[PDB]
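**Q** The structure follows.
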Amino acid sequence: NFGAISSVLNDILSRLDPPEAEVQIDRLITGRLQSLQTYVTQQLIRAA
Amino acid sequence: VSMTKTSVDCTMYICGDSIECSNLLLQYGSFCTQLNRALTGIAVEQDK
Amino acid sequence: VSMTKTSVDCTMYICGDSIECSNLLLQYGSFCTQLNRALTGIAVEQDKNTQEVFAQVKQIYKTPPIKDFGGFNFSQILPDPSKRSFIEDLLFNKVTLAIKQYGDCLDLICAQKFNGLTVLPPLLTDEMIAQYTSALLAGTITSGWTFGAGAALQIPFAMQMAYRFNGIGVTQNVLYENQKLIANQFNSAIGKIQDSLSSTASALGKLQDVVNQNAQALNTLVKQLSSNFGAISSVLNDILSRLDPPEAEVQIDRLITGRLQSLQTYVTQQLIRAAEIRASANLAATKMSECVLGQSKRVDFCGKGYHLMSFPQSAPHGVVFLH
Amino acid sequence: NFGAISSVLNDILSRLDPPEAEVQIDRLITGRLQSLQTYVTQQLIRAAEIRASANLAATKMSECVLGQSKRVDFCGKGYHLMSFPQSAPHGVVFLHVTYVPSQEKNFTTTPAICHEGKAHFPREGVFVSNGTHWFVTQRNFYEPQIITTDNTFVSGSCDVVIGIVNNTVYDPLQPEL
Amino acid sequence: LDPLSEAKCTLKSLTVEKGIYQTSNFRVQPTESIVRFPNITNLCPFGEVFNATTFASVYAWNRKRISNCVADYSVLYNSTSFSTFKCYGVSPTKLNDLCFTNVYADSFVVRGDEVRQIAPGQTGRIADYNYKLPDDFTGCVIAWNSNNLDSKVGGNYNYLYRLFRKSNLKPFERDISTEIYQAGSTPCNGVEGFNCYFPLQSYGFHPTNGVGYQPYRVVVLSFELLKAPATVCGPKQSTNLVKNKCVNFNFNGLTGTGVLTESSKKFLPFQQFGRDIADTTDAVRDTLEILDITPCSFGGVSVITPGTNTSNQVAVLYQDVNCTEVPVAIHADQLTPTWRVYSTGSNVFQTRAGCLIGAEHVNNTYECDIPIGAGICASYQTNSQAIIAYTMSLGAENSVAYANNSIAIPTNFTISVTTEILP
Ligand SMILES: *[C@@H]1O[C@H](CO)[C@@H](O[C@@H]2O[C@H](CO)[C@@H](O)[C@H](O)[C@H]2NC(C)=O)[C@H](O)[C@H]1NC(C)=O
Ligand SMILES: *[C@@H]1O[C@H](CO)[C@@H](O[C@@H]2O[C@H](CO)[C@@H](O)[C@H](O)[C@H]2NC(C)=O)[C@H](O)[C@H]1NC(C)=O
Ligand SMILES: *[C@@H]1O[C@H](CO)[C@@H](O[C@@H]2O[C@H](CO)[C@@H](O)[C@H](O)[C@H]2NC(C)=O)[C@H](O)[C@H]1NC(C)=O
Ligand SMILES: *[C@@H]1O[C@H](CO)[C@@H](O)[C@H](O)[C@H]1NC(C)=O
Ligand SMILES: *[C@@H]1O[C@H](CO)[C@@H](O)[C@H](O)[C@H]1NC(C)=O
Ligand SMILES: *[C@@H]1O[C@H](CO)[C@@H](O)[C@H](O)[C@H]1NC(C)=O
Ligand SMILES: *[C@@H]1O[C@H](CO)[C@@H](O)[C@H](O)[C@H]1NC(C)=O
Ligand SMILES: *[C@@H]1O[C@H](CO)[C@@H](O)[C@H](O)[C@H]1NC(C)=O
Ligand SMILES: *[C@@H]1O[C@H](CO)[C@@H](O)[C@H](O)[C@H]1NC(C)=O
Ligand SMILES: *[C@@H]1O[C@H](CO)[C@@H](O)[C@H](O)[C@H]1NC(C)=O
Ligand SMILES: *[C@@H]1O[C@H](CO)[C@@H](O)[C@H](O)[C@H]1NC(C)=O
Ligand SMILES: *[C@@H]1O[C@H](CO)[C@@H](O)[C@H](O)[C@H]1NC(C)=O
């Protein structure tokens, strides 16, 4: 969830107005970006 | 000698098919290109 | 051999001249010191890398005036009265590098400098490195391999080459009966190398990639300041001018978190690249010890064939070996 | 604080209701997770370097202690003779024993000796002179010996060699008997 | 206070070891403040909006336009009292130091209960069929009770609203038609019979009603901030333009700290601000000229210290400043008296790295002790005790006696034992 009401984007979008939905979607975006960046860094460390 | 080469679609991993999420990801500021450059360098190194 | 040394001002990159942002950055908890320690370690390692490869012998031998070496001609690699050789000049011209003053800019470099991103100069200037390489060349062509052990002992050049032919498994008389032909072949090969370097085509892409990578990373840092990171705007003045401090704290905290993440990604990738540069420097120091100071019997270490000798030349951020 | 009202969880919990407390506790959780992840990444980056150094010390244990190495400046400066290991906290120490020549002397030399229209080259060593006599000596130590047909092999003719000189080869057998 | 104090604060310790150290700023603090606002002395009409005798119905709102005025609202304090006032996109304490763009004023009359529906993201008959507000709305909503002016003893039936509509209204859209709503099938054809309704209905305002029924006058103000050339401002007083110093500029409601210089950039008539690659403002129209803002601090500063255990004396290196340009660069004359000493001195040497102040230059070459860079090192030595700066020596010098018929043979040897440490 990363602090949002749910981990599914459809539930957040279906039940909330775009101004309210922005904060939850921003939380999800930050979390998933962090996951991708951790994956990439460990891939570089193994490639070495 | 080598390892597997991978590629990631940043918008499909984070947003899926949601237009609203894609607009928010544009506003947020995307560093997906940097991740892609790192992965492409890894793949070229593996072939070398 | 080495890469560029950089320093970052954490508060100037994140906050600028905003007192309110600085107070919030103090409250937030600052790990800027850890980033600075990592960058300082990188810079010290880069100077150490440069030192190891070139400062191996601390006796500055001088080029011999007589220059009678039995028909072998070294004018293209010995210095010329920044005291660099012909081939070193060609190499320094094939690589295109990337005091700036407040009056000078009042260009990407000053866009970096206004945001806390500075580049530090190396300890050894290029003249010093050229003096090191010329000392190595003089020592090798006068005393052969003896100088490496500890004390230089002069020996005529043809005698050295005879002992190298014995080294690879061919008897002396093969050199002494073919001396002029071998000298001509060596001179022609040096000529071909010079012609290849003077062509437009560049073989120094390995040394150009370092410069491109450094510039790309430092420019990505500056481009990444326009990201809103979920706030109303990416400019601190708009947030401060239009909102009360209690309301402004949440937006400024969002911006602080984003910019801290950007700095931490930059630092981590710099460490990952420094490891690889250190590997390459260690390789070039082993090759300086074993291909230049000695005759190597390892296969394909000092080129393809049976090794006879090697000569070093200095290049921007790196070294070149003629095997 | 990481943007929360305080850095102590008890103050946040004691003064606020669970719905209000969730946002502050989430801020703290995110910050502390980031701290742990930075620690782990830098530990991996250092482990790689320690592994490089360990591999180097295993190659040096195999080649400088178990064998005599001919690589230059691998087992110290000089000509390698042997090495001894000692253990140290978190590491290893090598004592390298090497041979360093000294007390040099200037001599005059030649590529070959011409006896009777035949060139003579040393089998191992170099021809040296003290200014009156010609001898053959080993390269790394001074040990002059009289030139005989067992020190020098014969090949070719005198004309080809640029710096050949004239001298005599002993040919032991015939004069002794 | 000092370069050494900067180093101590940066390192978080009371003792500083031997070494050259990078430092943060701390030295400069802004103290002045300029203001630039347009020449507008025509007060906005707060008498022909709030005091208007007749207000519109909610189904057909006025949508008035405002420009070329100063927006001083304290002139209302004596005359009117507002029961509702809420602002979106801006804080109510900054309203007196900002210049607004594209200002519009919408006006109508609702009942007391339906005031709460004038807000972004609401539902109800007024939000659905009469008046709608955008999700990203910047502006303010004001409402006040008017049971003295809009209520008649017999009843006031001149205010109307829409009750039936096929679909919801979009933001800032109006509908003044009066067709006949068709509840079911069997089209109406204007008969107005059964399942065919006239869509507009009338509020009935009597003086003796509940507070919820009582009439409430509503005004909505719409504007934009810091985007384009503005014309409505706030009660403030322009001040002289102190130039070439670290100040707070506050140009047309945009605040910050910086330095102002002339620019050759040309702006289209609808542009006033300009942003660069890092998205921060660099060019501002002022006279109608375009000026340029530059940060307060520029470049790096380093401190060379032989260690706090030995002495409290230090040297300072400026990396990007040719000497004689140092005082302007580091904004001297605003620094404390101790910090000025370093700006100008007898012990000034220009190195390739930058300018070094506080160290004496010798003509001898020793081994490096503290690397300054570009071939320069520094050391703490007696002469009394001082910090000297010299050029490093690569090593000893000699030559080899080379000759085509000469050799050197060793006669003796040495057994050497050396140590190598590995983690
Ligand atoms: C070693 O090589 C250099 C470079 O070719 C020789 O110097 C040049 O020789 C040519 C001969 O035609 C002259 O025309 C040039 O003027 C010389 N100088 C330069 C800078 O090119 C040099 O003579 C060679 N050494 C020998 C033959 O002993
Ligand atoms: C070079 O070495 C030869 C051989 O050692 C020297 O010749 C000897 O000189 C001594 C001098 O007392 C005589 O007693 C020997 O009989 C000589 N040997 C022969 C074979 O003749 C020679 O003198 C040395 N030359 C120099 C300049 O030192
Ligand atoms: C703008 O006008 C169009 C056309 O009058 C409206 O579309 C009608 O909407 C109703 C409500 O669902 C439908 O029953 C009609 O069939 C639509 N007409 C057509 C031609 O498709 C539209 O609703 C109006 N927009 C707004 C915001 O009211
Ligand atoms: C610094 O100033 C001197 C004096 O005018 C000038 O000669 C020099 O070119 C300037 N720049 C540098 C890098 O020394
Ligand atoms: C050899 O001779 C040169 C000069 O001819 C002299 O400088 C050198 O010291 C001599 N070698 C030794 C070992 O003395
Ligand atoms: C050595 O050089 C001299 C000239 O300096 C020359 O006369 C002599 O013949 C050369 N000797 C040999 C063996 O080449
Ligand atoms: C060696 O002897 C031959 C024949 O006597 C003579 O021609 C030649 O010049 C001699 N060599 C030298 C170096 O004098
Ligand atoms: C408002 O209108 C009334 C009636 O004309 C008038 O008496 C009053 O002075 C006006 N007030 C203002 C502030 O215009
Ligand atoms: C404030 O409003 C009242 C209401 O009539 C008026 O009598 C009074 O004079 C006003 N204040 C001033 C200073 O005019
Ligand atoms: C505004 O006031 C200033 C005051 O000096 C004057 O110079 C200027 O002409 C006036 N008008 C404009 C459009 O700036
Ligand atoms: C040091 O060398 C410079 C350059 O020749 C000279 O101007 C200066 O007077 C010298 N100073 C001393 C103390 O030798
Ligand atoms: C070699 O050196 C040792 C110690 O310095 C000395 O005792 C010995 O006599 C030397 N040998 C010669 C031949 O000089």
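Please note that chains go A, B, ... in the order of the structure tokens, that every chain numbers its residues from 1, and that ligands are numbered from 1 in the order shown.
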Would you kindly return, as a PDB file with C-alpha atoms, in the first residue's frame, each protein, DNA or RNA residue with an atom no farther than 6 Å from any atom of range 95-111 of chain C, considering only C-alpha atoms and excluding same-chain residues fewer than 3 positions away?

**A**
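Result saved to selection.pdb:
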ATOM      1  CA  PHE C  92      46.076  14.738 -26.317  1.00  0.00           C
ATOM      2  CA  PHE C 114      25.236  28.138  -9.235  1.00  0.00           C
TER       3      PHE C 114
ATOM      4  CA  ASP E 320      36.970  30.018  -8.978  1.00  0.00           C
ATOM      5  CA  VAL E 321      38.279  33.522  -8.265  1.00  0.00           C
TER       6      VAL E 321
END

**Q** Given a cut-off of 8 Å, what residues near ligand 7 show up using only C-alpha atoms and all ligand atoms, put as a PyMOL selection string?

**A** chain D and resi 114+164-166

**Q** Please identify every polymer residue within 9 Å of ligand 12, using only C-alpha atoms and all ligand atoms, and present the set as a PyMOL selection string.

**A** (chain D and resi 102-103) or (chain E and resi 411-414)

**Q** Wanna dump the chain A-range 265-283 of chain C contacts at 9 Å for me, each residue with its shortest atom pair and the distance in Å to one decimal, counting only C-alpha atoms, ordered by chain and number, as a tab-separated table?

**A**
residue	atom	partner	partner_atom	distance
A:37	CA	C:265	CA	8.6
A:41	CA	C:269	CA	8.0
A:44	CA	C:272	CA	7.7
A:45	CA	C:272	CA	7.2
A:48	CA	C:276	CA	7.5

**Q** Using only N, CA and C atoms, please write the residues we just selected to a file, as a PDB file, in the first residue's frame.

**A**
ATOM      1  N   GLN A  37      14.228   1.454  -8.470  1.00  0.00           N
ATOM      2  CA  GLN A  37      15.586   1.965  -8.342  1.00  0.00           C
ATOM      3  C   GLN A  37      16.449   1.017  -7.523  1.00  0.00           C
ATOM      4  N   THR A  41      19.931  -0.774  -8.965  1.00  0.00           N
ATOM      5  CA  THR A  41      21.211  -0.665  -8.270  1.00  0.00           C
ATOM      6  C   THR A  41      21.807  -2.038  -7.980  1.00  0.00           C
ATOM      7  N   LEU A  44      23.368  -3.528 -11.094  1.00  0.00           N
ATOM      8  CA  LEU A  44      24.699  -2.990 -11.390  1.00  0.00           C
ATOM      9  C   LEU A  44      25.767  -3.617 -10.494  1.00  0.00           C
ATOM     10  N   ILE A  45      25.448  -3.780  -9.209  1.00  0.00           N
ATOM     11  CA  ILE A  45      26.408  -4.371  -8.277  1.00  0.00           C
ATOM     12  C   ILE A  45      26.741  -5.806  -8.675  1.00  0.00           C
ATOM     13  N   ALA A  48      29.073  -5.954 -11.945  1.00  0.00           N
ATOM     14  CA  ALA A  48      30.502  -5.766 -11.680  1.00  0.00           C
ATOM     15  C   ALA A  48      31.204  -7.088 -11.364  1.00  0.00           C
TER      16      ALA A  48
END

**Q** All residues within 7 Å of ligand 10 are required, counting only C-alpha atoms and all ligand atoms; please report them as an MDAnalysis selection string.

**A** chainID E and resid 38:39 287

**Q** May I have the selected residues written with C-alpha atoms, as a PDB file, in the first residue's frame?

**A**
ATOM      1  CA  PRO E  38       2.707  48.855 -10.791  1.00  0.00           C
ATOM      2  CA  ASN E  39       1.385  52.433 -10.696  1.00  0.00           C
ATOM      3  CA  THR E 287      10.051  50.732 -17.233  1.00  0.00           C
TER       4      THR E 287
END

**Q** For chain E, list the residues within 8 Å of chain D, counting only C-alpha atoms, and write the list as a PyMOL selection string.

**A** chain E and resi 405-423

**Q** Please produce an output containing N, CA, C and O atoms for each residue in the selection, written as a compact mmCIF listing (two decimals), in the first residue's frame.

**A**
# COMPACT_ATOMS: atom_id res chain seq x y z
N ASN E 405 79.88 0.74 -26.48
CA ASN E 405 80.78 -0.34 -26.10
C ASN E 405 81.10 -0.30 -24.61
O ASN E 405 82.25 -0.41 -24.20
N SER E 406 80.08 -0.12 -23.78
CA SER E 406 80.27 -0.03 -22.34
C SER E 406 79.18 -0.81 -21.62
O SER E 406 78.03 -0.80 -22.06
N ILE E 407 79.55 -1.47 -20.53
CA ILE E 407 78.61 -2.24 -19.72
C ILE E 407 78.99 -2.08 -18.25
O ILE E 407 80.11 -1.69 -17.91
N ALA E 408 78.03 -2.34 -17.37
CA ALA E 408 78.24 -2.28 -15.93
C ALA E 408 77.84 -3.60 -15.31
O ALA E 408 76.71 -4.05 -15.48
N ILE E 409 78.76 -4.22 -14.58
CA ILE E 409 78.55 -5.54 -13.99
C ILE E 409 78.54 -5.40 -12.47
O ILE E 409 79.43 -4.75 -11.92
N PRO E 410 77.52 -5.92 -11.78
CA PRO E 410 77.53 -5.89 -10.32
C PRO E 410 78.57 -6.84 -9.74
O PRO E 410 78.84 -7.91 -10.28
N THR E 411 79.14 -6.44 -8.60
CA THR E 411 80.16 -7.24 -7.93
C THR E 411 79.73 -7.76 -6.57
O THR E 411 80.39 -8.65 -6.04
N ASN E 412 78.66 -7.22 -5.99
CA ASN E 412 78.19 -7.61 -4.66
C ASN E 412 76.67 -7.58 -4.66
O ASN E 412 76.04 -7.04 -5.57
N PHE E 413 76.07 -8.19 -3.63
CA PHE E 413 74.62 -8.27 -3.56
C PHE E 413 74.14 -7.98 -2.14
O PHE E 413 74.93 -7.88 -1.20
N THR E 414 72.82 -7.85 -2.00
CA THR E 414 72.17 -7.56 -0.74
C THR E 414 70.89 -8.37 -0.62
O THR E 414 70.09 -8.42 -1.57
N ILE E 415 70.70 -9.03 0.52
CA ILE E 415 69.47 -9.75 0.81
C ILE E 415 68.52 -8.82 1.54
O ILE E 415 68.82 -8.36 2.65
N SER E 416 67.36 -8.53 0.94
CA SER E 416 66.42 -7.58 1.52
C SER E 416 65.12 -8.27 1.89
O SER E 416 64.67 -9.18 1.19
N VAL E 417 64.52 -7.85 3.00
CA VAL E 417 63.25 -8.39 3.48
C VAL E 417 62.26 -7.25 3.62
O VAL E 417 62.54 -6.27 4.32
N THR E 418 61.11 -7.37 2.96
CA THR E 418 60.10 -6.32 2.97
C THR E 418 58.75 -6.90 3.36
O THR E 418 58.51 -8.10 3.24
N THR E 419 57.85 -6.04 3.82
CA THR E 419 56.55 -6.46 4.32
C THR E 419 55.43 -5.90 3.45
O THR E 419 55.49 -4.76 3.00
N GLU E 420 54.41 -6.73 3.22
CA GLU E 420 53.20 -6.32 2.51
C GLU E 420 51.98 -6.71 3.32
O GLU E 420 51.85 -7.86 3.73
N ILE E 421 51.07 -5.76 3.53
CA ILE E 421 49.87 -5.96 4.34
C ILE E 421 48.65 -5.99 3.42
O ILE E 421 48.50 -5.10 2.57
N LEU E 422 47.79 -6.99 3.59
CA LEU E 422 46.59 -7.12 2.77
C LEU E 422 45.37 -7.43 3.64
O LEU E 422 45.44 -8.32 4.51
N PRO E 423 44.25 -6.73 3.45
CA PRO E 423 43.01 -7.12 4.12
C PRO E 423 42.39 -8.36 3.50
O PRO E 423 42.57 -8.64 2.32

**Q** Pick out the residues sitting within 12 Å of residue 137 in chain E, and hand them over as a list in words; count only C-alpha atoms, and ignore anything fewer than 3 positions along from it in its own chain.

**A**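 Residues meeting the cut-off are residues 19 of chain A; 87, 88, 89, 90, 118, 119, 120, 121, 132, 133, 134, 140, 141, 171, 172, 220, 221, 222, 223, 224 and 225 of chain E.
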
**Q** With N, CA, C and O atoms retained, write the just-selected residues as an mmCIF file, in the first residue's frame.

**A**
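out-v4.cif was written with the following content:
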data_model
loop_
_atom_site.group_PDB
_atom_site.id
_atom_site.type_symbol
_atom_site.label_atom_id
_atom_site.label_comp_id
_atom_site.auth_asym_id
_atom_site.auth_seq_id
_atom_site.Cartn_x
_atom_site.Cartn_y
_atom_site.Cartn_z
ATOM 1 N N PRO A 19 -8.868 15.448 -7.245
ATOM 2 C CA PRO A 19 -8.044 16.137 -6.237
ATOM 3 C C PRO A 19 -7.721 15.275 -5.031
ATOM 4 O O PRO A 19 -6.584 15.304 -4.545
ATOM 5 N N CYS E 87 -10.738 30.677 1.126
ATOM 6 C CA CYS E 87 -9.885 30.839 -0.041
ATOM 7 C C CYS E 87 -9.205 29.522 -0.399
ATOM 8 O O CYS E 87 -8.861 28.720 0.471
ATOM 9 N N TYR E 88 -9.025 29.307 -1.701
ATOM 10 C CA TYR E 88 -8.444 28.095 -2.261
ATOM 11 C C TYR E 88 -7.257 28.479 -3.131
ATOM 12 O O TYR E 88 -7.373 29.361 -3.988
ATOM 13 N N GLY E 89 -6.130 27.806 -2.919
ATOM 14 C CA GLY E 89 -4.929 28.047 -3.685
ATOM 15 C C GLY E 89 -3.994 29.092 -3.118
ATOM 16 O O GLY E 89 -2.922 29.313 -3.692
ATOM 17 N N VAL E 90 -4.357 29.735 -2.008
ATOM 18 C CA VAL E 90 -3.619 30.878 -1.489
ATOM 19 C C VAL E 90 -3.997 31.037 -0.025
ATOM 20 O O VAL E 90 -5.094 30.661 0.388
ATOM 21 N N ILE E 118 -21.433 25.682 -2.320
ATOM 22 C CA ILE E 118 -20.551 26.481 -3.183
ATOM 23 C C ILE E 118 -19.131 26.147 -2.745
ATOM 24 O O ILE E 118 -18.491 26.852 -1.966
ATOM 25 N N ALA E 119 -18.624 25.042 -3.268
ATOM 26 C CA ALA E 119 -17.291 24.552 -2.957
ATOM 27 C C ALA E 119 -16.918 23.494 -3.982
ATOM 28 O O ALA E 119 -17.806 22.874 -4.575
ATOM 29 N N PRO E 120 -15.631 23.265 -4.233
ATOM 30 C CA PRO E 120 -15.245 22.255 -5.226
ATOM 31 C C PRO E 120 -15.546 20.847 -4.733
ATOM 32 O O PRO E 120 -15.211 20.484 -3.605
ATOM 33 N N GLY E 121 -16.173 20.053 -5.593
ATOM 34 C CA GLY E 121 -16.423 18.657 -5.287
ATOM 35 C C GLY E 121 -17.670 18.371 -4.482
ATOM 36 O O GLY E 121 -17.646 17.507 -3.602
ATOM 37 N N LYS E 132 -21.516 25.388 -10.763
ATOM 38 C CA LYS E 132 -20.510 24.354 -10.566
ATOM 39 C C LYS E 132 -19.123 24.983 -10.552
ATOM 40 O O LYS E 132 -18.873 25.971 -11.243
ATOM 41 N N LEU E 133 -18.218 24.406 -9.757
ATOM 42 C CA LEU E 133 -16.872 24.938 -9.589
ATOM 43 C C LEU E 133 -15.822 23.896 -9.959
ATOM 44 O O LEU E 133 -16.004 22.707 -9.685
ATOM 45 N N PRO E 134 -14.713 24.313 -10.566
ATOM 46 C CA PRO E 134 -13.706 23.350 -11.015
ATOM 47 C C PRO E 134 -13.011 22.669 -9.849
ATOM 48 O O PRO E 134 -13.012 23.150 -8.716
ATOM 49 N N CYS E 140 -11.566 32.759 -4.086
ATOM 50 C CA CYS E 140 -12.154 32.898 -2.760
ATOM 51 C C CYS E 140 -13.670 32.967 -2.870
ATOM 52 O O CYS E 140 -14.213 33.421 -3.878
ATOM 53 N N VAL E 141 -14.350 32.497 -1.829
ATOM 54 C CA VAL E 141 -15.806 32.484 -1.753
ATOM 55 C C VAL E 141 -16.228 33.269 -0.520
ATOM 56 O O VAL E 141 -15.768 32.979 0.590
ATOM 57 N N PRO E 171 -18.248 22.818 -15.144
ATOM 58 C CA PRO E 171 -17.774 23.984 -14.392
ATOM 59 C C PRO E 171 -17.941 25.285 -15.159
ATOM 60 O O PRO E 171 -17.676 25.360 -16.360
ATOM 61 N N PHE E 172 -18.387 26.314 -14.439
ATOM 62 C CA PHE E 172 -18.522 27.673 -14.962
ATOM 63 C C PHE E 172 -19.397 27.724 -16.210
ATOM 64 O O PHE E 172 -19.131 28.483 -17.141
ATOM 65 N N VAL E 220 -18.166 35.028 -5.645
ATOM 66 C CA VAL E 220 -17.018 34.162 -5.916
ATOM 67 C C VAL E 220 -15.992 34.946 -6.724
ATOM 68 O O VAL E 220 -16.329 35.525 -7.759
ATOM 69 N N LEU E 221 -14.742 34.950 -6.266
ATOM 70 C CA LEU E 221 -13.658 35.669 -6.921
ATOM 71 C C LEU E 221 -12.656 34.683 -7.501
ATOM 72 O O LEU E 221 -12.145 33.821 -6.779
ATOM 73 N N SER E 222 -12.366 34.831 -8.794
ATOM 74 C CA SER E 222 -11.498 33.932 -9.546
ATOM 75 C C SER E 222 -10.308 34.714 -10.078
ATOM 76 O O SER E 222 -10.488 35.791 -10.652
ATOM 77 N N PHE E 223 -9.104 34.174 -9.916
ATOM 78 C CA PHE E 223 -7.913 34.861 -10.398
ATOM 79 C C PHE E 223 -6.795 33.849 -10.623
ATOM 80 O O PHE E 223 -6.963 32.648 -10.409
ATOM 81 N N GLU E 224 -5.648 34.356 -11.074
ATOM 82 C CA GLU E 224 -4.444 33.572 -11.308
ATOM 83 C C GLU E 224 -3.259 34.278 -10.665
ATOM 84 O O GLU E 224 -3.258 35.501 -10.517
ATOM 85 N N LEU E 225 -2.243 33.505 -10.292
ATOM 86 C CA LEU E 225 -1.149 34.027 -9.486
ATOM 87 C C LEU E 225 0.194 33.726 -10.136
ATOM 88 O O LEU E 225 0.497 32.569 -10.432
#

**Q** Show me which residues sit within 9 Å of ligand 1 when counting only C-alpha atoms and all ligand atoms, and put them as a ChimeraX atom specification.

**A** /C:67-68,71-76,187,191

**Q** Those residues you just picked out, can you put them in a file as a PDB file, in the first residue's frame with N, CA and C atoms?

**A**
ATOM      1  N   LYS C  67      72.122   9.590 -28.492  1.00  0.00           N
ATOM      2  CA  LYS C  67      71.026   8.975 -29.243  1.00  0.00           C
ATOM      3  C   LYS C  67      71.522   8.063 -30.364  1.00  0.00           C
ATOM      4  N   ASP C  68      72.600   7.328 -30.099  1.00  0.00           N
ATOM      5  CA  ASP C  68      73.111   6.322 -31.026  1.00  0.00           C
ATOM      6  C   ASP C  68      72.680   4.955 -30.512  1.00  0.00           C
ATOM      7  N   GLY C  71      70.638   2.081 -35.022  1.00  0.00           N
ATOM      8  CA  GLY C  71      69.688   2.165 -36.113  1.00  0.00           C
ATOM      9  C   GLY C  71      68.250   2.260 -35.673  1.00  0.00           C
ATOM     10  N   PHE C  72      67.973   2.031 -34.396  1.00  0.00           N
ATOM     11  CA  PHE C  72      66.631   2.178 -33.858  1.00  0.00           C
ATOM     12  C   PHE C  72      66.395   3.651 -33.560  1.00  0.00           C
ATOM     13  N   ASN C  73      65.239   4.163 -33.961  1.00  0.00           N
ATOM     14  CA  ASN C  73      64.973   5.594 -33.924  1.00  0.00           C
ATOM     15  C   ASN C  73      63.787   5.863 -33.008  1.00  0.00           C
ATOM     16  N   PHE C  74      64.024   6.625 -31.938  1.00  0.00           N
ATOM     17  CA  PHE C  74      63.025   6.887 -30.910  1.00  0.00           C
ATOM     18  C   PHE C  74      62.604   8.351 -30.865  1.00  0.00           C
ATOM     19  N   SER C  75      62.849   9.107 -31.936  1.00  0.00           N
ATOM     20  CA  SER C  75      62.551  10.535 -31.918  1.00  0.00           C
ATOM     21  C   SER C  75      61.062  10.814 -31.761  1.00  0.00           C
ATOM     22  N   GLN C  76      60.204   9.914 -32.239  1.00  0.00           N
ATOM     23  CA  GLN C  76      58.769  10.156 -32.191  1.00  0.00           C
ATOM     24  C   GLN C  76      58.176   9.971 -30.805  1.00  0.00           C
ATOM     25  N   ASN C 187      61.249   0.852 -37.324  1.00  0.00           N
ATOM     26  CA  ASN C 187      60.979   2.229 -37.725  1.00  0.00           C
ATOM     27  C   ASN C 187      59.713   2.322 -38.567  1.00  0.00           C
ATOM     28  N   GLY C 191      56.242   4.360 -37.776  1.00  0.00           N
ATOM     29  CA  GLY C 191      55.635   5.240 -38.762  1.00  0.00           C
ATOM     30  C   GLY C 191      54.170   4.930 -38.998  1.00  0.00           C
TER      31      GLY C 191
END

**Q** Which is closest to chain C among D:72, D:5, D:29, D:12, if we use only C-alpha atoms?

**A**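 That would be D:72, the residue with the smallest distance to chain C.
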
**Q** Name the closest residue to chain C among the candidates D:133, D:60, D:71, D:115; distances are taken between atoms, counting only C-alpha atoms.

**A**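 Checking each of D:133, D:60, D:71, D:115 against chain C, counting only C-alpha atoms, the winner is D:71.
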
**Q** Just how far from CA of residue 91 in chain C is CA of residue 202 in chain C, in Å to one decimal?

**A**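 Here the two named atoms are 9.5 Å from each other.
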
**Q** Tell me as JSON, numbers by chain which residues belonging to chain C come within 7 Å of chain E, counting only C-alpha atoms.

**A** {"C": [9, 17, 58, 59, 60, 61, 62, 99, 100, 101, 102, 113, 114, 121, 122, 123, 124, 125, 142, 153, 154, 155, 156, 222, 223, 225, 226, 235, 237, 238, 241, 242, 243, 244]}
